[PDB]
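Enquirer:
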Amino acid sequence: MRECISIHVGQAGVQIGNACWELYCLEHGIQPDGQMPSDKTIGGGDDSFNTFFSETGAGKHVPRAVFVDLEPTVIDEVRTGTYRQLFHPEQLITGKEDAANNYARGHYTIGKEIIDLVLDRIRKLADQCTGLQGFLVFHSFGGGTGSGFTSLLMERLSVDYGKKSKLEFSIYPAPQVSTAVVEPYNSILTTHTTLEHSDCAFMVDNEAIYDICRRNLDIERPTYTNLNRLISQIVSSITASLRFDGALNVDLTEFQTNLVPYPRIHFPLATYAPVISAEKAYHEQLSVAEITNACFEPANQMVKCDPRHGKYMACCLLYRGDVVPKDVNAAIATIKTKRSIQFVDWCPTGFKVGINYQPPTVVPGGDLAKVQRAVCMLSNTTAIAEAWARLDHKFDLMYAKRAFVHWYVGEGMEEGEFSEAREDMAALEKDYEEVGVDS
Amino acid sequence: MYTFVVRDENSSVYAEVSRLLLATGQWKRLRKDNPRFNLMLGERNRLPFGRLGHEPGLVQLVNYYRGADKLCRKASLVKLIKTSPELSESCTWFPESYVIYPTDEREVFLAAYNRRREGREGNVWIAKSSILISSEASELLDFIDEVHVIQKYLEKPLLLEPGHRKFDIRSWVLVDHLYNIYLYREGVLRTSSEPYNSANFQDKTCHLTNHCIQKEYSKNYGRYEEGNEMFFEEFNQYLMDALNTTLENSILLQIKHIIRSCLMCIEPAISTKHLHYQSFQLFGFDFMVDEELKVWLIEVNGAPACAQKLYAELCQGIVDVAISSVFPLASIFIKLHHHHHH
Amino acid sequence: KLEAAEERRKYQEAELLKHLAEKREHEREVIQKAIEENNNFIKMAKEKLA
Amino acid sequence: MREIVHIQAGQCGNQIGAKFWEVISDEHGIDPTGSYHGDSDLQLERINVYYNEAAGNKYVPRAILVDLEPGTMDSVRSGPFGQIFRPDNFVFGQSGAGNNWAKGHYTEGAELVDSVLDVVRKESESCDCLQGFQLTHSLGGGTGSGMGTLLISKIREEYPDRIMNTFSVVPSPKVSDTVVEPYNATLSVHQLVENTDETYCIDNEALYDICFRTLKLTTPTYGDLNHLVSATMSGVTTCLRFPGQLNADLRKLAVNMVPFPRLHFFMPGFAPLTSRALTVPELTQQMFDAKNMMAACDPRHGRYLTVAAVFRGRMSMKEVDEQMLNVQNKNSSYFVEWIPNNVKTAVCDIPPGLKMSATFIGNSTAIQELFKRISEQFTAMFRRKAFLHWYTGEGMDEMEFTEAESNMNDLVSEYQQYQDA
Ligand SMILES: Nc1nc2c(ncn2[C@@H]2O[C@H](COP(=O)(O)OP(=O)(O)OP(=O)(O)O)[C@@H](O)[C@H]2O)c(=O)[nH]1
Ligand SMILES: Nc1ncnc2c1ncn2[C@@H]1O[C@H](COP(=O)(O)OP(=O)(O)CP(=O)(O)O)[C@@H](O)[C@H]1O
Ligand SMILES: Nc1nc2c(ncn2[C@@H]2O[C@H](COP(=O)(O)OP(=O)(O)O)[C@@H](O)[C@H]2O)c(=O)[nH]1
Ligand SMILES: [Ca+2]
Ligand SMILES: [Ca+2]
Ligand SMILES: [Ca+2]
Ligand SMILES: [Cl-]
Ligand SMILES: [Mg+2]
Ligand SMILES: [Mg+2]
Ligand SMILES: [Mg+2]
């Protein structure tokens with residue numbers, strides 16, 4: 001057994017971590033007080049759920065988790081909320097003033113004053129691990145803390161834990177819920193500084209989740225609570241292989257081996273089905289063929305883009321519920337004859353398949369209906385570069401006039417860091433085109 | 001007020017669609033780099049499809065299908081026909097074609135070129151790209174080196193009388209956002225004004241029926257018809273008088289079959305049915321007719337122009353079926379569809 | 053790279069506080085000019101009358 | 001980010017300041033003795049932004065009242081909420097400033113300013129984490145204008161990493177006390193361009209025209225003008241005072257609204273205009295209408311760099327999003343294309368005696384019309400050196416007026432540069 005430490009940075013990272021740990025407790029039969037009646041080994045053990053949970057002598061199961069924010073109001077809701085007893089106070093770290101939607105303020109000005117404290121609290125979790133695999137980092141691209149603090153932390157984690165895998169869950173900015181005009185600046189600056197330090201990053205476009213909540217859950221105007229419950233289902237699908245018995249994606253290293261043959265092209269597209277309204281009083285249950293076919297619909301993706309117009313380097317299907325390999329293999333054969341699935345020439349045309357028989361858990365009173373089977377597809381496709389192209393274009397429009405740049409320079413960042421970050425993204429866009437497009 | 005941007009200044013079809021949209025008073029042209037448009041009349045090359053359909057509160061439509069280039073580049077069309085089960089290597093309405101680089127198909131092309139030598143069959147070919162005609166292999170291959181396709185040349189074309197002269201047929205086809213395939217009822221014959229000469233391929237004015245080549249080199253430009261353009265009413269009269277058939281029966285059944293076969297083949301790859309933005313595109317299909325009244329596809333154009341007198345009607349057709357269908361204000375087409383059971 | 057950033061922030065701050073220091077110098081010169089002109093008026097009226 | 005320190009300077013500053021505290025005390029359920037008698041936890045959640053807690057659960061405005069004459073502060077002390085202010089936070093001289101910027105900035109004001117900073121320091125020292133300062137003042141008089149901008153320069157010297165926000169009342173010949181208003185306003189604008197992060201331009205020209213043309217008040221008083229100002233001020237501070245996502249503190253508003261440091265002069269707007283039931287389409291059309299703007303600038307004569315829209319009341323968030331998208335999509339040419347998504351929208355559930372209201376904050380290049388108008392009135396007098404003796408008498412030279420005029424003409428050129436780009 002090999003531990004994973006989860007790190008939740010800034011508002012988005014913290015509120016998504018709240019939703020994920022709530023869901024993990026329900027999946028493993030852990031009560032809000034930390035007690036787990038089904039766990040017969042009191043005070044310790046090396047079960048699969050111990051990757052994410054440590055154990056006290058009193059039978060308390062404690063998330064291997066640090067929550068960091070530069071202002072207190074979001075983490076104060078964890079401190080006084082339903083799961084307050086789950087976390088020891090030293091896991092919950094807050095400053096007094098936030099990074100004001102400014103990468104430079106998060107990374108340089110406020111980062112420099114809190115970074116040694118955060119590494120000390122992480123070191124305390126690491127010291128209770130017998131075989132630490134590495135880190136799962138949850139943050140927004142758009143916020144000052146999510147962008148600037150995370151990139152400093154990722155750099156320091158490469159220094160202090162050089163052999164450890166780092167996986168990111170990154171919220172890509174959408175104007176329907178965004179709070180800052182400068183989010184494209186913050187997104188490019190953090191992607192540039194983080195890119196060498198991350199082994200595998202799962203981007204979630206708030207626009208895709210927003211539209212899935214409107215279209216499939218009939219929510220007129222989705223809140224963060226709606227978006228986060230859906231995001232937590234997809235995160236849980238991805239991490240289930242680390243928390244349950246199985247033979248696929250069983251360690252963080254296996255995410256890179258299975259999904260990322262080229263180190264810089266480390267952004268797999270997640271697609272999730274089915275998403276069904278709990279309020280829907282009559283629902284016909286979807287077959288293995290229907291949920292698998294829905295993995296090739298752009299409307300079900302975590303990022304809107306068109307995989308028909310790129311190439312695959314890797315594809316994993318992660319099934320939960322009543323699924324046997326025979327039905328998966330028949331589903332795939334039918335899909336191959338009907339869809340545009342083109343792999344690069346240097347990769348086998350193939351699917352790694354994981355099945356966990358426990359159906360998806362839902363949060364009581366939530367928006368998601370209980371279903372008999374669900375699937376998350378993780379595919380490394382060049383089509384995800386569309387999302388970089390969109391962000392780079394918005395960056396270029398503002399930067400050509402130096403709009404808002406004085407806020408970043410005023411924090412002690414050099415103007416040169418903008419053009420260096422942007423050149424790294426130009427080289428990334430070009431890497432995706434070389435792997436993806438024919439001539 | 002619906003909004004649109006114009007990103008291709010050199011398109012005569014979309015300059016006219018642009019003028020028609022403005023004259024309804026219900027459409028406002030924005031600056032080309034304003035993102036808040038309903039409609040993009042897009043550039044020909046590197047259209048940023050990846051930036052479409054991410055504007056909240058705007059339904060966005062573009063006048064190009066991403067991936068349609070598979071049909072509309074010479075090399076791609078040859079590959080698509082051989083390798084698609086539904087078109088197949090044994091496809092009967094496309095000339096025997098091979099892709100040739102200066125992957126490659128040289129030694130497969132030479133193998134088939136020998137079967138004609140061997141059996142005393144007519145052995146003339148045409149090299150072309152995105160032009161030379163010879164019965165000698167090694168002169169075609171030398172020219173290429175000096179990305180191309182070598183395509184069997186149609187040695188027995190149908191010839192219009194008077195003038196013993198070659199022609200090709202241009203058909204205009206509109207594919208709407210729902211993937212309805214609309215064939216414009218007016219086509220055009222681009223005629224030669226020179227008699228056809230099977231013993232002299234060196235002289236290319238009586239062999240190549242393009243509107244630019246006949247306008248410069250041919251010394252009979254306009255002798256038989258205005259431009260080198262015969263329209264369907266006259267060509268149909270010609271086929272009734274001379275050959276005792278119709279344009280519908282002898283040619284148009286085959287044209288409709290071919291258009292429907294090409295576009296139904298790429299539909300899973302280009303359809304925008306379940307996508308965050310929507311597409312339409314105007315195609316130009318170019319056909320040859322042989323002396324048995326068998327129809328051959330030569331090429332598909334992704335950005336065609338129109339015959340001068342058909343601009344008005346076709347462009348109004350594009351606003352009616354492509355644009356107003358998606359953005360309604362306050373038929374000249376045949377809908378190609380066939381649901382045979384088997 | 054963090055210390056370099058901090059030093060650029062300290063530099064921009066010292067530049068601002070120098071500029072605000074020139075403003076306090078100017079404020080001190082305006083009020084001294086006002087006093088000197090009132091005193092010179094009184095003085096010159098006193099002498100002209102004598 | 002938490003505490004704001006409020007300063008109100010001179011007659012205008014103290015009259016609009018007192019109305020601000022009356023209006024937001026009522027919204028937060030605070031009575032004139034400082035006791036909370038409200039019905040919602042939303043009222044108290046961010047009360048500490050503007051109020052200190054005292055003995056016996058009393059709420060005391062974090063407010064400093066400044067004037068060079070006692071008259072207007074005696075009237076505040078007698079006014080309805082007068083007893084709520086901390087008595088030691090009244091700082092006043094006896095001389096007055098005679099509508100003279102030089103008296104406020106250099107002579108009378110210089111004598112009083114140190115005792116104002118003593119009170120600012122006392123308020124600042126007991127703040128958990130001070131966000132910064134808001135000043136209410138006019139630019140046309142002497143104390144608000146001259147002493148107000150002196151205070152801003154001294155506050156910046158002592159708190160250079162904190163945000164400075166002003167509500168600045170711009171003078172108009174239509175609502176005028178003296179001929180020298182354009183001098184005082186030009187000298188003040190020169191200070192604001194360098195030493196504030198965000199300035200709400202409250203134009204007495206616009207407030208008069210709204211009272212006359214729209215509200216059908218034949219004879220607008222300062223009371224009628226101040227009803228518009230206090231409703232606008234409540235609107236633009238909603239996001240600071242109530243739980244919310246967008247522009248929830250002074251630094252985040254500045255980062256969203258100010259693309260270039262000098263272009264920080266905002267055109268506020270309000271709907272509906274008041275001296282029974284408004285739809286979301288109607289709020290949205292009215293809040294963007296020239297006739298609802300508190301600065302007399304035609305927004306169709308320029309372009310929006312950035313906009314903040316705040317909707318208040320129980321309404322459909324879906325309909326607010328659709329209407330806000332409708333305005334941008336239909337009027338796309340008036341929003342600069344080189345700041346993508348430059349319009350941000352907040353919704354607060356608590357309305358102000369209305370069921371719903373919308374407050375508009377725009378950074379428009381059309382604000383240059385306000386500065387050009389002041390510049391023209393300045394030059395008409397300054398070319399003949401008319402009325403200068405009032406200023407040279409307090410130790411100022413002509414050159415200081417030439418520099419203020421140039422810097423304000425430069426600000427106009429800079430708005431024009433981004434309007435053409
Ligand atoms: N999905 C989701 N996105 C969120 C959530 N909270 C914020 N965001 C998004 O994150 C971005 C803003 O970043 P935040 O995480 O709020 O900022 P922060 O990291 O706290 O940084 P500062 O507040 O600037 O110090 C925007 O794109 C928001 O839409 C959340 O709970 N869920
Ligand atoms: N296999 C073939 N057999 C006979 N003639 C052929 C032929 N291929 C091409 N042609 C001749 O060449 C013409 C078309 O050439 P091609 O279509 O390759 O060029 P192009 O792409 O410039 C025409 P467009 O302007 O329509 O795109 C036909 O009109 C015909 O006269
Ligand atoms: N809107 C408004 N304007 C005022 C008020 N009182 C004065 N003014 C304006 O403020 C300017 C005069 O400054 P004032 O504040 O009286 O002088 P001070 O006491 O020296 O700051 C002129 O432009 C007046 O039109 C008021 O209560 N409301
Ligand atoms: Ca155990
Ligand atoms: Ca590493
Ligand atoms: Ca004195
Ligand atoms: Cl290590
Ligand atoms: Mg935050
Ligand atoms: Mg062509
Ligand atoms: Mg007065």
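Chains as they are written, first to last, in PDB author numbering: chain A, 1 to 439; chain F, 1 to 102, 125 to 152, 160 to 175, 179 to 362, 373 to 384; chain E, 53 to 102; chain B, 1 to 275, 282 to 358, 368 to 436.
C-beta atoms are modelled at their ideal positions from N, C-alpha and C, and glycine is treated no differently.
1) In terms of alpha-carbon separation, which member of B:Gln383, B:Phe341, B:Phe402 lies closest to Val193 (chain B)?
2) Give a single yes or no on whether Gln432 (chain B) has its beta carbon closer than 7 Å to a heavy atom of ligand 10.
3) Taking 8 Å as the threshold (beta carbon to beta carbon), is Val255 (chain B) in contact with chain A?
4) Run down chain E in chain order and give the residues with a C-beta less than 9 Å from the C-beta of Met413 (chain A).
5) Using a Cβ-Cβ cut-off of less than 8 Å, give me the residues of the region 320 to 333 of chain B that come near chain F, in sequence order.
6) At the level of alpha carbons, what is the spacing between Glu140 (chain F) and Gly349 (chain F)?
7) Under 8 Å by Cβ, that's how I've got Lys311 (chain A) and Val344 (chain A) pegged, so tell me the actual separation to the nearest angstrom.
8) Within 8 Å (strictly less), CB to CB, does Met1 (chain F) reach chain B?
9) Could you give the DSSP three-state label for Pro268 (chain B): helix, strand or coil?
10) Going by the DSSP bridge assignment, what does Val205 (chain F) pair with across the sheet?
11) In the DSSP output, what is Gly244 (chain B) paired with across the bridge?
12) Taking the CB atoms as reference points, tell me whether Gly93 (chain B) and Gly10 (chain B) lie closer together than 8 Å.
13) Identify whether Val179 (chain F) lies in helix, strand or coil by the three-state DSSP scheme.
14) To which residues of the same chain is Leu68 (chain B) closer than 6 Å at the C-beta, ignoring the five residues directly before and after it?
15) Using a Cβ-based criterion (distance less than 7 Å to any ligand heavy atom), does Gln334 (chain B) qualify as near ligand 3?
16) In the DSSP assignment, find the alpha helix (DSSP H) that holds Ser165 (chain A) and state where it starts and stops.
17) In the DSSP assignment, find the alpha helix (DSSP H) that holds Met398 (chain A) and state where it starts and stops.
18) Mind checking which residues open and close the beta strand (DSSP E) that includes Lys58 (chain B)?
19) Determine, using beta carbons only, whether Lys19 (chain B) comes closer than 8 Å to chain F.
20) Kindly examine ligand 10 and report whether one of its heavy atoms sits closer than 7 Å to the Cβ of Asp76 (chain A).
21) Does the distance from the CB of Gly143 (chain A) to the CB of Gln11 (chain A) come in under 8 Å?
22) Among B:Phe266, B:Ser390, B:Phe81, B:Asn195, which one has its Cα closest to the Cα of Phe133 (chain B)?
23) Determine whether the Cβ of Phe49 (chain A) lies closer than 8 Å to any Cβ atom of chain B.
24) For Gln64 (chain E), decide whether its Cβ has a neighbour in chain A, counting only Cβ atoms nearer than 8 Å.
25) What residues in the region 125 to 156 of chain B bring their beta carbon closer than 9 Å to a beta carbon of chain A?
26) Using a C-beta to C-beta distance shorter than 9 Å, which residues of chain A count as neighbours of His306 (chain F)?
27) Is there a C-beta anywhere in chain B that falls below 8 Å from the one on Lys85 (chain E)?
28) Counting pairs of Cβ atoms below 8 Å between the region 396 to 416 of chain A and the region 278 to 285 of chain A, do you hit three or more?
29) Under 8 Å, do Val316 (chain B) and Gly235 (chain B) count as touching if we go by C-beta distance?
30) What residue from A:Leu132, A:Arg79, A:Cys20 has the CA that sits closest to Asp46 (chain A)'s CA?
31) Quick test of the definition: if touching needs 3 or more C-beta pairs under 8 Å, does the region 78 to 94 of chain E touch the region 399 to 411 of chain B?
32) Quick one: is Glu79 (chain E) near chain B, going by C-beta distance under 8 Å?
33) Is it buried or exposed for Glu125 (chain B), if we count other Cβ within 10 angstroms and need 16 for buried?
34) Under 7 Å Cβ-Cβ, which residues of chain B neighbour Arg36 (chain F)?
35) Among all residues, which have a Cβ less than 6 Å from at least one non-hydrogen atom of ligand 10, and in what chain order do they fall?
36) Can you tell me whether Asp39 (chain B) is buried or exposed? The criterion is at least 16 other CB atoms within 10 Å of its CB, across all chains shown.
Expert: The short version:
1) B:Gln383
2) no
3) yes
4) Neighbours of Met413 (chain A) on chain E, chain order: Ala57, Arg60.
5) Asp327, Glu328, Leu331, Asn332
6) 52 Å
7) 5 Å
8) yes
9) strand
10) F:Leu215, F:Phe315
11) Answer is none; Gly244 (chain B) lacks a bridge partner.
12) no
13) Three-state DSSP puts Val179 (chain F) in coil, outside helix and strand.
14) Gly93, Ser95, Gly96, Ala97, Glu108, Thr143
15) no
16) From DSSP, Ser165 (chain A) is part of no alpha helix (DSSP H) but of the beta strand (DSSP E) over 165 to 172.
17) 385 to 399
18) First-last of the beta strand (DSSP E) with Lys58 (chain B): 58 to 61.
19) Cβ-Cβ to chain F under 8 Å: no for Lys19 (chain B).
20) With a threshold of 7 Å, the Cβ atom of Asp76 (chain A) does not count as near ligand 10, since no heavy atom of the ligand is closer than that.
21) yes
22) B:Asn195
23) Chain B has no Cβ within less than 8 Å of the Cβ of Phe49 (chain A).
24) yes
25) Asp128, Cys129, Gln131
26) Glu297, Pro298, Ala299
27) yes
28) no
29) yes
30) A:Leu132
31) Contact between the region 78 to 94 of chain E and the region 399 to 411 of chain B is present, with at least three C-beta pairs closer than 8 Å.
32) yes
33) exposed
34) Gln334, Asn335, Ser338
35) B:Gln11, B:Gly141, B:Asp177
36) exposed
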